[PDB]
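First, one chain by itself: the form deposited in one PDB entry, in structure tokens.
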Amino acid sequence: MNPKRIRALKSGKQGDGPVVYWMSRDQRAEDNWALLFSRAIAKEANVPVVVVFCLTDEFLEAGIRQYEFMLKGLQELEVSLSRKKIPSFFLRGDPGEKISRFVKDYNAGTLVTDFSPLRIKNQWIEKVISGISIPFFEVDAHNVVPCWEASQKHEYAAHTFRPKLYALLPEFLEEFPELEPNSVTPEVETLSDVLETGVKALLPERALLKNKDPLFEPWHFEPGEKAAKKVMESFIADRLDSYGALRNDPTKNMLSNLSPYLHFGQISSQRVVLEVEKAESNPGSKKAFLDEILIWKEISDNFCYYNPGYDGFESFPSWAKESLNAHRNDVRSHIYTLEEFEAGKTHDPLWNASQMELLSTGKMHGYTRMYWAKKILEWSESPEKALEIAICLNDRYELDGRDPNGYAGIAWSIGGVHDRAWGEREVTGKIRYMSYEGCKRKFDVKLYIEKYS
């Protein structure tokens, strides 16, 4: 167990009660460095380990699609942990108040959480630190290389971050030890009831079409740790060989489809990398996929961790801010409202089809995601307005949304973060431009449009 994966958030006097794993980002029982570290500390203190999850008040800012996907996975997780004699407690409310009250009530000895660089997690940590007196640790269970270890600062390009991460792969890319069960079972409602009341509160804002029927199709991605593994095995067996050649074709389902599972932590990216590394397939396709799940995924954590304003115009590179400022008063070809973007009511049938794939499946193809967000910049009054629209639609309708990959991917599309300058155009400036005709020369756009009416 590498001690570089864990960071001390607050020192204190250890109690003689159970070690509490405040699970948040990595919702799985296998391949969880945060849970394994909590079990190790619990063994050293001759005390059990308990898992606590907070059902926050911000779930009404998303949809049923993300709520059901997460809760149905937690229902499976509660059974997995129970077989390991590890009890799980699901609290409903503010983590600042609920975690502090749980620590005091259950006489917790040590508190551990997983790592997320998002602003809301730091808000919770701030509130929790003020209300506890026991040691508080956080463990990076999401990245193969701990975020604070891969680089000590913001990396402006993938080619500067790539050698740093690969140089540390031999140390941190390793197999997971088995989660040892608790010795004996130790000493706040049913998840089915919380799901029922939550869905009932979300129903008025459910995405519907004109026929009052729901837009979202839940059968595309089955939630849970077991289903995530089957998706990974199917990708390695059937799709990895062609990934390098077809990853930019939205008419082919050749991606791994792992992001909903990766976002909620229902599968470990380190586990996926281990299995891909030992798989025998096209070297170009393996290089391409590993570049996505290692370099681009973990550089997104790098971006949010080292840029407090990661969701703002101020985090854009200087060349992009100056370029976009120089074209602020350029006349835009079209100006669409947030409601027109949301309903897919633009003059662009390819953009509208991309929005329909997002509305119906909750996972837009990676290539059209780049086109989808760049057109928001082109058809908005300002770069700041384009950021708000793209973030709003991304976090509301993507299953993989509200994620460092989302803010870093949007910042790449609109602000050229982790990109270079291109030819100077009006409105968009030197930001990389993606044209409708350019897409037509890349893939069968007519089939993609016809698929998502």
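Throughout, rigid core stands for the largest set of C-alpha atoms superposing within 1.5 Å between the two forms. Note that residue numbering begins at 1 and tracks the sequence as displayed.
Beyond what is shown, the protein has a form deposited in another entry; the following relates to that form.
**Q** Let me spell it out: fit the two forms on their rigid core, measure each listed C-alpha, and pick the one of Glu233, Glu171, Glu196, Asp291 that moves 2 Å or more between the shown form and the other one. Which is it?
**A** It is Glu196.
**Q** Please say whether, between the shown form and the other one, the C-alpha of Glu339 moves by 2 Å or more once the core is aligned.
**A** After core superposition, the displacement of the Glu339 C-alpha between the shown form and the other one stays below 2 Å, so no.
**Q** Using the core for the fit, does the CA position of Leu215 change by 2 Å or more between the shown form and the other one?
**A** Shift at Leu215: below 2 Å after core fit.
**Q** If you line up the core, does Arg206 shift 2 angstroms or more at its C-alpha between the shown form and the other one?
**A** Passes the 2 Å threshold, so yes.
**Q** How does the C-alpha distance between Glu196 and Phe89 change in that other deposited form compared with the present structure, closer or farther, given a change of 3 angstroms or more?
**A** Compared with this form, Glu196 and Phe89 lie closer in that other deposited form.
**Q** Regarding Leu202 and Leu359, go with closer or farther for their CA spacing in that other deposited form versus this form, the difference being 3 Å or more.
**A** Residues separate in that other deposited form, at least 3 Å farther apart.
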